[PDB]
Amino acid sequence: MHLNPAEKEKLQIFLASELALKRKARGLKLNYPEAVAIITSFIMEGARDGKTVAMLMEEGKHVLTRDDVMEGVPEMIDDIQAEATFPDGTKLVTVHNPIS
Amino acid sequence: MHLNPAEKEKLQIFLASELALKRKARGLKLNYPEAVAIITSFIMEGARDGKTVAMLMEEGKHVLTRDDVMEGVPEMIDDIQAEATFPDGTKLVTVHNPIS
Amino acid sequence: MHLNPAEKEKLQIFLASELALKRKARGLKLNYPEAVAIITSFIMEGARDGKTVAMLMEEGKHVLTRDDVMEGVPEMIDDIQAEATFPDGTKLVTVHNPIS
Amino acid sequence: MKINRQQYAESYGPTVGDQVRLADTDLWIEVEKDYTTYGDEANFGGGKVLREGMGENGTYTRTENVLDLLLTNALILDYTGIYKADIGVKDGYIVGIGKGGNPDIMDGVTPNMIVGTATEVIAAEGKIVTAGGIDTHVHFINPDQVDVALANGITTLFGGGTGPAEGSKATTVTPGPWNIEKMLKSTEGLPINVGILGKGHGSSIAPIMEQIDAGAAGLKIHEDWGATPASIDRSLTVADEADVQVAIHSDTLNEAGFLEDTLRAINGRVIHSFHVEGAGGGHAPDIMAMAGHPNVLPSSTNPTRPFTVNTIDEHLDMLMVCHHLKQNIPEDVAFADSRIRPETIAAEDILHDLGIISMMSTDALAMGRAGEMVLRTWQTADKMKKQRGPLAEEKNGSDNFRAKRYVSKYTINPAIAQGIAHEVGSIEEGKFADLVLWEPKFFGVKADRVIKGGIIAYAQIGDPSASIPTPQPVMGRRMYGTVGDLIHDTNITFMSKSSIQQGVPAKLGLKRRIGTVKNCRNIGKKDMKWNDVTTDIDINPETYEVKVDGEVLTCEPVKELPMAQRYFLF
Amino acid sequence: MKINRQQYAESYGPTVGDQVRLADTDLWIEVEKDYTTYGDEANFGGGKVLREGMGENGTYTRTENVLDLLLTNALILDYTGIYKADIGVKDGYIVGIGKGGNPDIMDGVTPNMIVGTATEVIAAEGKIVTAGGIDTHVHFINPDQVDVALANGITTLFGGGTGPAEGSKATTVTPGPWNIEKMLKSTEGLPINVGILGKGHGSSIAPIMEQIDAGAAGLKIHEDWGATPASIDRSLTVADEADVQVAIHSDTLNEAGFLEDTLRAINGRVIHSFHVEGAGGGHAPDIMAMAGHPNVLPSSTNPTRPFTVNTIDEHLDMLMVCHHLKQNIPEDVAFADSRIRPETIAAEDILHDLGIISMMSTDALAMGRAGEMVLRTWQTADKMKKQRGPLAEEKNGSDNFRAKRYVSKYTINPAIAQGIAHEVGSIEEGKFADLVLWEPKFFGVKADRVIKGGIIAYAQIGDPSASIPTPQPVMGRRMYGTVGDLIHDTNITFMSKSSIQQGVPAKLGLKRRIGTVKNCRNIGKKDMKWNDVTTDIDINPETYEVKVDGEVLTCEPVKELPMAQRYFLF
Amino acid sequence: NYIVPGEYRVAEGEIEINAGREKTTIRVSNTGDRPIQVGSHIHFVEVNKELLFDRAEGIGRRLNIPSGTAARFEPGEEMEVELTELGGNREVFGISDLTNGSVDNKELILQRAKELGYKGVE
Ligand code: NI
Ligand code: NI
Ligand code: NI
Ligand code: NI
Ligand SMILES: [O-]
Ligand SMILES: [O-]
């Protein structure tokens, strides 16, 4: 596979997102790291899908809403950042105030 | 996410449980680490669900039965222990003789 | 669980395969590490299923085809190797030219 | 020109009279005073103040009142106060708390807090800064426990052990000169301050004392090695000669005596009573009465902290498993029921709140959680506010009195108990720069940056491959203070005066900073900051009811805690 | 009062006549004798025996017959016996095997096994304790291989390499003075004992000898560097002068000679024949005939161990891939068919069982598995019991003879071969305290705790954040013996006498314990414990059939092994 | 033929502890209001003051129970126990500091016990 350090680390994010998605599916209000993981993995998968940075900045604000998460979680998350390989190489995505 | 050392480690348990559950679903009798992973992840997810330590001590004895696992596995597992964050903080759960 | 170093590492392969399979399922042509992960996990799961080394050498050549992967990926992968615990202990499987 | 307070606090952190919520608790701390000069706040970045000829002085060499490091705009939470200041560090020590910058052009600059060519900057605006936690009940069982401790703001581990040997799994003991030497050498690779306890057991002086001379920083008396009157007596005689502290886990079984017998053997000498409530060990059922005595420095361990609905079920089973006890053997059940008591655990919450139990600790990996000393301190304070109300001593709706009482339990008081408060345990000038930055939303839960000897040792930081350090995954990671030979300069090995005089560090090739243990034998409960109460604690032998001043101490267990499921992935 | 044997064994481990199953094999070991005094068994914990004035002596200083460490109630499995004893360790060495405790009050205490103030305790009741495995065929290719080895109970790595360079990927060789020096320095960070082999190739003495003087512990002759008569001869002449061992991987191609030519070049001198069966390399097809000769110390490598239904398919393909061989080139196919032979692999199982092949080894990362030497030894013994029956030498239904024959293959015999058995390779008084504790259910599969120089270096242990060390995830982890400078005192770098005399450790700044290689040149097959058989082994050049004493040696491959899918996650 | 990994097959018979040593049965009462549990290898005369028994009969002895086990006395509980003889050098040091030498010095042990209020010196 020739995994580099970032590729190894970022597998964890996908895994944490999978965990959080299962928790959501069984009806739990998500907590801070769960919410962050879901949105982060969404960004990384979107890059893999070939979306633009601008598309992901928009979409990232609609992945989870305040009724999906515990009290105070929306206000704990000021922004979520992820770097991923787009068709045009690595780029940084910042999603500002992802959960209203 | 602000993952601490325990959170990083415990992701592995969830992953091993997912692996073991797939093996079970395709009809394999589970081995020692597979069985341990399934029951351990069950406890941790139960804590996340807000069950009590007492509920999990009971439920943990009914997750896998002797026909789900290879010969000798029930007798190899004297107890399974996991710590997880309950609504009232971290607690230790010990499931005694989980597989009869 | 008593995980040894190899067991811990190899969990990653299963995880990378799960990631790659999700990417395939949503219609993406797979890249080099994705393809390698899928075939590698297939071998390891096949060993767990009790297949022979010879069966896996054959089957491994039919897991992904050239239309499942990006241009040049078939030619990048000369062979894929994995060690796994068979019913008769650890064995090495090499799948030669897995993607035609 | 004037700035509204919301905007001021957003830019520079809070100022006088402003309050901040601690994590997701009901606890609020209020800024008591502020050392700044409004308009001359220090800050760093593009077009900011700390630039050459401006807030950074371009004239002075490092020796000339210039800092190695300035933490700008810190909200300090300490036994000494809750207040706003810049913190200046030099040669690994806190040298100034006040106002940093450039006297060329700024008013009110503390004279030895010049930002110069030599000065690094950490922005602490909007952070709470505390001293590093001092955990005095550490079992050295698994080296992975160190990062666990750092991640929750702990910077000093006092205890014992040689790894997962049964003696170490039960007791905070590194026994004898050889094991002590081996563990001093191991310590060279641990990125945290360390002091090692010898076995406080023997009927002759020499076998105990030789551990002190070998490099131990104190002793542990534990019932598993025989917490007999003889072992208690000899250990205290050694300690009084050597100027080190003795910790005790007393005879739960009451085999050689009851509490009064242990107290008679102590004979008025200073001692640190571990897990004083007794679920963690000690004379059944009345060990917690130790915490009323003037010569006892009392600590709790953390799994009983605070009293929750799962506590008893969890502890009863934990005890049974750990002691290989059988549910169908009545002596085993009777033992467990005599040791795990809702009556004393509930009272323990209240005794903390009243300043009768002075310290917190972990009992890491031997009936306690290495990364939850700080966490559970604040959960306890929060529970007590909810159940007992703001303390009478409070003012202006703030929880400052409670916050100082509780922060003292894991910072200054353990340091004083151990004889190491000249070096660590508080944010004061002249002490080692072990500092923990917290985002208020994560306060007491997950440290932002842990500074050890003036260099960052541990941080919550993101992708090392990214353009900037904040992208995911943000996780706790060892920083440059832990790498190469810098681990030697950023950490202290605390040792007895005699081992230092006898040249043990040179003999063993220890390169870490060497700290001297001292002034442990003429202190008492009165010296425990904000937690100095002595009183007659009565524990009813029949009902286990705890009374203080004729009043039963009881409270309810809670179903939910703050600093819990909002934060943790598992 | 009397205790039934089931209850006795549950409390103290098994005693005389009791049997224990090794993992999930059909192999049973029986306790031959027991050093205890019934009623005075040592144990540690609350209300237990090893307490001051009781089983722990409170009078004596460390120097006065007191131990640094007592392993209580160990079931020892060793070439010297299968028996029950306490094991006492001091200054990193095994100093007593017998009965520990306090002579004040206990009968039968071995005089230098006093439990005192200085003594740590490991509970070995219900564990099997063996010597650390000695792997003499290690390619140093990937530092991650060390934990793999420790996790399966290996404590000494002898071999060579500089990392994943092609020379090292093929051969256990660290070539020349400079690479040797570099790897001696690297070794300072490896938490395992190490000895380094130089290149056993040259036609002049000086280029070979200078490697010995530089710090090599032995030499490797490998066909990839030219396993010619000259290289064989010069290497043995060096070895005879230097008192180090020579290992050989002979000329598979028969290019410069057949087996008889290699034997003529050896000329009766002592040599260690690696992977003697020959799938791992050597004169095609008859290299295994080496194992009949009195001057040959023969080892197997592990992938042929034992003969299974996937072995041939796996090995044929492995060879083709590794040598870049093409299925459509008849010379390549002929080579592979001449080298991978079910006839010799099947006979290899039986030759082990008969004590004709004396040693096991890995061939780590160059045609062998770093963490499976111990594993595959026991799988082989189990297969042989199933196929050949209990050996004639057995008594009382136990497999003790077979167990001693097989444990010797990876403990004492490699140590003797290498010239290091004065330090390591068995549980005997006076030897280094490299000890492996096993739960019987995991015996030979996953070590519980690995002790190196008397401190735990590696353990299967759980969550470092938990209240106790057993909660999940339980995994193999480095312990305090590997941390800081303690890694120096808990491990041995084995070196030639000349390099030690010439001050190489000081020159290079080596801080590890330095072990001397010696007494390698006047040993032979007769010195291989329980595996000392010499005989005429005939290998038919046409059929590859192996004969010993006129009898064809053959057995069937098995479809399933114990110590396999019940245990491993992958 | 079911395989339990690592299982024991113990031999027939029973293990006699403290074989060949004199055994003595005595009545012991916990006169205190808290439980007292006594380990197998504590010099019996040196146990908690509030245990009432013939202290002389505890000298040079310990409980005749399996190594590492203990006898429990609830508050107010009186029961019989069986003692066995100490072995080795038959010296005791430390614990309650009643002996600090040979257990043969019964007169000295009892004097110290009585002075310090160990119940049952007769
Ligand atoms: Ni304790
Ligand atoms: Ni403790
Ligand atoms: Ni070879
Ligand atoms: Ni090799
Ligand atoms: O403790
Ligand atoms: O080899």
# chains A, B, ... in the order shown; residues from 1 in each chain; ligands from 1
$ residues_around --residues "residue 64 in chain F" --least-positions-apart "5" --cutoff "7 Å" --atoms "only C-alpha atoms" --output "list in words"
residues 40, 82, 83 and 84 of chain F
$ calpha_fit_and_write --fixed "chain A" --moving "chain B" --output "tab-separated table (two decimals) with N, CA and C atoms, in the first residue's frame"
chain	number	residue	atom	x	y	z
B	1	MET	N	0.82	-1.22	0.00
B	1	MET	CA	0.00	0.00	0.00
B	1	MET	C	0.85	1.26	0.00
B	2	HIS	N	2.04	1.18	0.63
B	2	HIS	CA	2.99	2.31	0.82
B	2	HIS	C	2.35	3.43	1.64
B	3	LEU	N	1.72	3.09	2.76
B	3	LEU	CA	1.11	4.11	3.62
B	3	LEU	C	2.15	5.03	4.25
B	4	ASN	N	1.89	6.33	4.15
B	4	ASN	CA	2.72	7.34	4.75
B	4	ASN	C	2.11	7.68	6.11
B	5	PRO	N	2.79	8.51	6.91
B	5	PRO	CA	2.23	8.76	8.25
B	5	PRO	C	0.81	9.33	8.26
B	6	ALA	N	0.51	10.26	7.37
B	6	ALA	CA	-0.81	10.89	7.32
B	6	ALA	C	-1.91	9.90	6.94
B	7	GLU	N	-1.59	9.00	6.01
B	7	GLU	CA	-2.57	8.03	5.57
B	7	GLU	C	-2.95	7.11	6.73
B	8	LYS	N	-1.95	6.71	7.51
B	8	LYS	CA	-2.21	5.88	8.68
B	8	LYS	C	-3.06	6.59	9.71
B	9	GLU	N	-2.73	7.84	10.00
B	9	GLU	CA	-3.49	8.61	10.98
B	9	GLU	C	-4.93	8.80	10.57
B	10	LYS	N	-5.13	9.13	9.31
B	10	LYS	CA	-6.43	9.52	8.81
B	10	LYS	C	-7.40	8.35	8.71
B	11	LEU	N	-6.88	7.11	8.64
B	11	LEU	CA	-7.73	5.94	8.79
B	11	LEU	C	-8.54	5.98	10.07
B	12	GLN	N	-7.93	6.51	11.13
B	12	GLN	CA	-8.59	6.66	12.44
B	12	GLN	C	-9.84	7.52	12.34
B	13	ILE	N	-9.74	8.61	11.59
B	13	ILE	CA	-10.87	9.53	11.43
B	13	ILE	C	-12.06	8.81	10.79
B	14	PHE	N	-11.78	8.07	9.72
B	14	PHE	CA	-12.82	7.28	9.05
B	14	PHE	C	-13.44	6.31	10.05
B	15	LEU	N	-12.60	5.65	10.83
B	15	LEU	CA	-13.10	4.69	11.83
B	15	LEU	C	-13.97	5.34	12.90
B	16	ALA	N	-13.51	6.48	13.42
B	16	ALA	CA	-14.29	7.23	14.41
B	16	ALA	C	-15.62	7.69	13.83
B	17	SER	N	-15.61	8.08	12.55
B	17	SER	CA	-16.85	8.45	11.87
B	17	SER	C	-17.79	7.26	11.75
B	18	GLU	N	-17.26	6.09	11.38
B	18	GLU	CA	-18.09	4.89	11.32
B	18	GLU	C	-18.75	4.57	12.67
B	19	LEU	N	-17.97	4.71	13.73
B	19	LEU	CA	-18.45	4.50	15.09
B	19	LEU	C	-19.58	5.47	15.43
B	20	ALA	N	-19.33	6.75	15.14
B	20	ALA	CA	-20.29	7.81	15.43
B	20	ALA	C	-21.59	7.64	14.63
B	21	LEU	N	-21.45	7.24	13.37
B	21	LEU	CA	-22.62	7.00	12.51
B	21	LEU	C	-23.47	5.86	13.05
B	22	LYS	N	-22.84	4.81	13.56
B	22	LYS	CA	-23.61	3.75	14.20
B	22	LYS	C	-24.36	4.23	15.44
B	23	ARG	N	-23.71	5.09	16.21
B	23	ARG	CA	-24.34	5.65	17.41
B	23	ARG	C	-25.54	6.53	17.03
B	24	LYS	N	-25.38	7.34	15.99
B	24	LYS	CA	-26.47	8.17	15.48
B	24	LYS	C	-27.63	7.30	15.01
B	25	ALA	N	-27.31	6.22	14.30
B	25	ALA	CA	-28.33	5.37	13.70
B	25	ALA	C	-29.17	4.70	14.76
B	26	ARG	N	-28.61	4.45	15.93
B	26	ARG	CA	-29.42	3.86	16.98
B	26	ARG	C	-30.10	4.89	17.89
B	27	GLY	N	-30.03	6.15	17.48
B	27	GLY	CA	-30.85	7.22	18.04
B	27	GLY	C	-30.18	8.09	19.08
B	28	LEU	N	-28.86	7.98	19.22
B	28	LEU	CA	-28.15	8.81	20.20
B	28	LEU	C	-27.88	10.21	19.66
B	29	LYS	N	-28.05	11.21	20.52
B	29	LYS	CA	-27.51	12.53	20.28
B	29	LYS	C	-25.98	12.48	20.40
B	30	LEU	N	-25.30	12.96	19.37
B	30	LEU	CA	-23.86	12.84	19.28
B	30	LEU	C	-23.13	13.88	20.13
B	31	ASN	N	-21.94	13.50	20.58
B	31	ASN	CA	-21.09	14.33	21.37
B	31	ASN	C	-20.04	15.04	20.53
B	32	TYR	N	-19.15	15.76	21.19
B	32	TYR	CA	-18.18	16.59	20.50
B	32	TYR	C	-17.25	15.78	19.56
B	33	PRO	N	-16.51	14.77	20.08
B	33	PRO	CA	-15.61	14.09	19.14
B	33	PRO	C	-16.34	13.31	18.03
B	34	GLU	N	-17.51	12.77	18.35
B	34	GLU	CA	-18.35	12.08	17.36
B	34	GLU	C	-18.74	13.01	16.21
B	35	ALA	N	-19.24	14.19	16.56
B	35	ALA	CA	-19.65	15.18	15.57
B	35	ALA	C	-18.46	15.59	14.71
B	36	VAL	N	-17.33	15.85	15.35
B	36	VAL	CA	-16.16	16.29	14.63
B	36	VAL	C	-15.73	15.19	13.66
B	37	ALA	N	-15.71	13.94	14.14
B	37	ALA	CA	-15.32	12.82	13.27
B	37	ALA	C	-16.21	12.68	12.04
B	38	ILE	N	-17.51	12.78	12.23
B	38	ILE	CA	-18.45	12.62	11.10
B	38	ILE	C	-18.19	13.68	10.03
B	39	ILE	N	-18.10	14.93	10.46
B	39	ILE	CA	-17.91	16.02	9.51
B	39	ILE	C	-16.55	15.93	8.84
B	40	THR	N	-15.53	15.58	9.62
B	40	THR	CA	-14.19	15.45	9.06
B	40	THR	C	-14.11	14.36	8.00
B	41	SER	N	-14.67	13.20	8.30
B	41	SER	CA	-14.65	12.11	7.32
B	41	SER	C	-15.44	12.47	6.06
B	42	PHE	N	-16.54	13.19	6.25
B	42	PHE	CA	-17.34	13.68	5.14
B	42	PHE	C	-16.48	14.52	4.19
B	43	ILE	N	-15.69	15.43	4.76
B	43	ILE	CA	-14.81	16.29	3.94
B	43	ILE	C	-13.80	15.43	3.18
B	44	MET	N	-13.17	14.50	3.88
B	44	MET	CA	-12.14	13.69	3.24
B	44	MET	C	-12.71	12.82	2.14
B	45	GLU	N	-13.88	12.23	2.38
B	45	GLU	CA	-14.54	11.43	1.35
B	45	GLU	C	-15.02	12.27	0.16
B	46	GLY	N	-15.42	13.51	0.44
B	46	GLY	CA	-15.81	14.43	-0.60
B	46	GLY	C	-14.67	14.81	-1.53
B	47	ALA	N	-13.48	15.02	-0.95
B	47	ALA	CA	-12.27	15.24	-1.73
B	47	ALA	C	-11.99	14.04	-2.62
B	48	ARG	N	-12.12	12.86	-2.05
B	48	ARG	CA	-11.89	11.63	-2.82
B	48	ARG	C	-12.89	11.51	-3.98
B	49	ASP	N	-14.12	11.98	-3.75
B	49	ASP	CA	-15.17	12.00	-4.77
B	49	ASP	C	-14.92	13.03	-5.88
B	50	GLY	N	-13.99	13.95	-5.64
B	50	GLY	CA	-13.63	14.95	-6.64
B	50	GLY	C	-14.41	16.25	-6.53
B	51	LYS	N	-15.08	16.47	-5.41
B	51	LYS	CA	-15.72	17.76	-5.16
B	51	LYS	C	-14.67	18.86	-5.02
B	52	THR	N	-15.10	20.11	-5.15
B	52	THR	CA	-14.19	21.24	-4.96
B	52	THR	C	-14.16	21.64	-3.49
B	53	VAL	N	-13.12	22.39	-3.12
B	53	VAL	CA	-13.01	22.95	-1.79
B	53	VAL	C	-14.26	23.79	-1.48
B	54	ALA	N	-14.69	24.63	-2.41
B	54	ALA	CA	-15.89	25.46	-2.20
B	54	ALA	C	-17.18	24.64	-1.95
B	55	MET	N	-17.37	23.56	-2.71
B	55	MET	CA	-18.51	22.66	-2.51
B	55	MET	C	-18.50	22.11	-1.09
B	56	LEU	N	-17.32	21.74	-0.60
B	56	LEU	CA	-17.22	21.10	0.71
B	56	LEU	C	-17.39	22.11	1.85
B	57	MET	N	-16.94	23.34	1.63
B	57	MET	CA	-17.18	24.41	2.58
B	57	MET	C	-18.68	24.64	2.79
B	58	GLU	N	-19.47	24.51	1.72
B	58	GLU	CA	-20.93	24.64	1.76
B	58	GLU	C	-21.54	23.39	2.38
B	59	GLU	N	-21.24	22.23	1.80
B	59	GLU	CA	-21.89	20.99	2.24
B	59	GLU	C	-21.61	20.67	3.70
B	60	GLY	N	-20.40	20.98	4.16
B	60	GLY	CA	-20.00	20.67	5.53
B	60	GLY	C	-20.87	21.30	6.59
B	61	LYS	N	-21.58	22.37	6.24
B	61	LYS	CA	-22.50	23.05	7.15
B	61	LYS	C	-23.87	22.40	7.26
B	62	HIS	N	-24.08	21.30	6.53
B	62	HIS	CA	-25.40	20.63	6.48
B	62	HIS	C	-25.33	19.14	6.76
B	63	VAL	N	-24.23	18.69	7.32
B	63	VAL	CA	-24.04	17.27	7.58
B	63	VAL	C	-24.74	16.87	8.88
B	64	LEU	N	-24.60	17.71	9.90
B	64	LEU	CA	-25.26	17.52	11.19
B	64	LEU	C	-25.92	18.81	11.58
B	65	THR	N	-27.09	18.71	12.21
B	65	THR	CA	-27.82	19.89	12.69
B	65	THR	C	-27.87	19.82	14.21
B	66	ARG	N	-28.35	20.88	14.84
B	66	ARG	CA	-28.28	20.96	16.30
B	66	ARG	C	-29.08	19.84	16.99
B	67	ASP	N	-30.14	19.35	16.36
B	67	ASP	CA	-30.92	18.25	16.92
B	67	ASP	C	-30.24	16.88	16.80
B	68	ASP	N	-29.14	16.80	16.06
B	68	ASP	CA	-28.34	15.58	15.99
B	68	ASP	C	-27.32	15.45	17.12
B	69	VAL	N	-27.09	16.53	17.87
B	69	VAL	CA	-25.99	16.58	18.81
B	69	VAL	C	-26.45	17.04	20.20
B	70	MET	N	-25.61	16.77	21.19
B	70	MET	CA	-25.93	17.11	22.56
B	70	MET	C	-25.91	18.63	22.77
B	71	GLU	N	-26.55	19.07	23.84
B	71	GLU	CA	-26.56	20.48	24.21
B	71	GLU	C	-25.13	21.01	24.29
B	72	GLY	N	-24.91	22.18	23.68
B	72	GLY	CA	-23.63	22.85	23.76
B	72	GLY	C	-22.64	22.43	22.69
B	73	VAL	N	-22.85	21.28	22.05
B	73	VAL	CA	-21.92	20.83	21.01
B	73	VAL	C	-21.82	21.79	19.81
B	74	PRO	N	-22.96	22.36	19.35
B	74	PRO	CA	-22.84	23.29	18.22
B	74	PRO	C	-21.91	24.47	18.55
B	75	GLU	N	-21.98	24.95	19.78
B	75	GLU	CA	-21.19	26.10	20.21
B	75	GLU	C	-19.74	25.74	20.54
B	76	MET	N	-19.47	24.46	20.81
B	76	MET	CA	-18.11	23.97	21.02
B	76	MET	C	-17.30	23.89	19.73
B	77	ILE	N	-17.98	23.71	18.61
B	77	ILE	CA	-17.32	23.53	17.32
B	77	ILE	C	-17.36	24.83	16.51
B	78	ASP	N	-16.27	25.57	16.56
B	78	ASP	CA	-16.15	26.81	15.77
B	78	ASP	C	-15.81	26.54	14.31
B	79	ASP	N	-14.98	25.54	14.06
B	79	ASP	CA	-14.72	25.10	12.69
B	79	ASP	C	-14.04	23.77	12.70
B	80	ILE	N	-14.15	23.09	11.57
B	80	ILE	CA	-13.57	21.78	11.40
B	80	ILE	C	-12.70	21.89	10.17
B	81	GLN	N	-11.46	21.42	10.30
B	81	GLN	CA	-10.49	21.47	9.20
B	81	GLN	C	-9.98	20.09	8.86
B	82	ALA	N	-9.79	19.85	7.57
B	82	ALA	CA	-9.23	18.60	7.08
B	82	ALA	C	-8.48	18.87	5.81
B	83	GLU	N	-7.37	18.17	5.66
B	83	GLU	CA	-6.64	18.13	4.41
B	83	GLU	C	-6.83	16.77	3.80
B	84	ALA	N	-7.03	16.77	2.48
B	84	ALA	CA	-7.24	15.56	1.73
B	84	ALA	C	-6.72	15.74	0.33
B	85	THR	N	-6.51	14.63	-0.36
B	85	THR	CA	-6.03	14.66	-1.73
B	85	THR	C	-7.21	14.83	-2.69
B	86	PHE	N	-7.28	16.02	-3.29
B	86	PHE	CA	-8.24	16.32	-4.33
B	86	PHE	C	-7.66	15.88	-5.68
B	87	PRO	N	-8.45	15.95	-6.75
B	87	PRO	CA	-7.85	15.61	-8.04
B	87	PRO	C	-6.63	16.45	-8.39
B	88	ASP	N	-6.61	17.67	-7.88
B	88	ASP	CA	-5.50	18.61	-8.03
B	88	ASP	C	-4.57	18.69	-6.80
B	89	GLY	N	-4.45	17.58	-6.06
B	89	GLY	CA	-3.50	17.49	-4.96
B	89	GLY	C	-4.12	17.80	-3.61
B	90	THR	N	-3.27	17.84	-2.58
B	90	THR	CA	-3.73	18.12	-1.23
B	90	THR	C	-4.22	19.55	-1.11
B	91	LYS	N	-5.39	19.71	-0.49
B	91	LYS	CA	-5.92	21.02	-0.15
B	91	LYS	C	-6.53	20.99	1.23
B	92	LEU	N	-6.55	22.16	1.85
B	92	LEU	CA	-7.17	22.38	3.13
B	92	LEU	C	-8.59	22.84	2.95
B	93	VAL	N	-9.50	22.19	3.68
B	93	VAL	CA	-10.89	22.63	3.79
B	93	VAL	C	-11.16	23.05	5.22
B	94	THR	N	-11.69	24.25	5.40
B	94	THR	CA	-12.22	24.66	6.69
B	94	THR	C	-13.73	24.87	6.57
B	95	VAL	N	-14.49	24.16	7.40
B	95	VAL	CA	-15.92	24.35	7.51
B	95	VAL	C	-16.17	25.19	8.74
B	96	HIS	N	-16.71	26.38	8.53
B	96	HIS	CA	-16.94	27.32	9.62
B	96	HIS	C	-18.32	27.07	10.20
B	97	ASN	N	-18.41	27.07	11.53
B	97	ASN	CA	-19.69	26.88	12.24
B	97	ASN	C	-20.54	25.78	11.60
B	98	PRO	N	-20.01	24.55	11.60
B	98	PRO	CA	-20.66	23.49	10.84
B	98	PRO	C	-22.04	23.13	11.32
B	99	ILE	N	-22.29	23.29	12.62
B	99	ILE	CA	-23.59	22.95	13.19
B	99	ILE	C	-24.25	24.19	13.75
B	100	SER	N	-25.32	24.62	13.09
B	100	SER	CA	-26.19	25.66	13.58
B	100	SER	C	-27.28	24.99	14.39
$ residues_near_ligand --ligand "ligand 1" --cutoff "10 Å" --atoms "only C-alpha atoms and all ligand atoms" --output "list in words"
residues 137, 139, 170, 171, 172, 220, 221, 222, 223, 224, 247, 248, 249, 250, 252, 273, 274, 275, 276, 278, 279, 280, 281, 282, 301, 363, 366, 367 and 368 of chain D
$ atom_distance --atom1 "CA of residue 424 in chain E" --atom2 "CA of residue 155 in chain E"
9.2 Å
$ interface_residues --of "chain D" --to "chain A" --cutoff "8 Å" --atoms "only C-alpha atoms" --output "number ranges by chain"
D: 441, 463-467, 470-473, 565-569
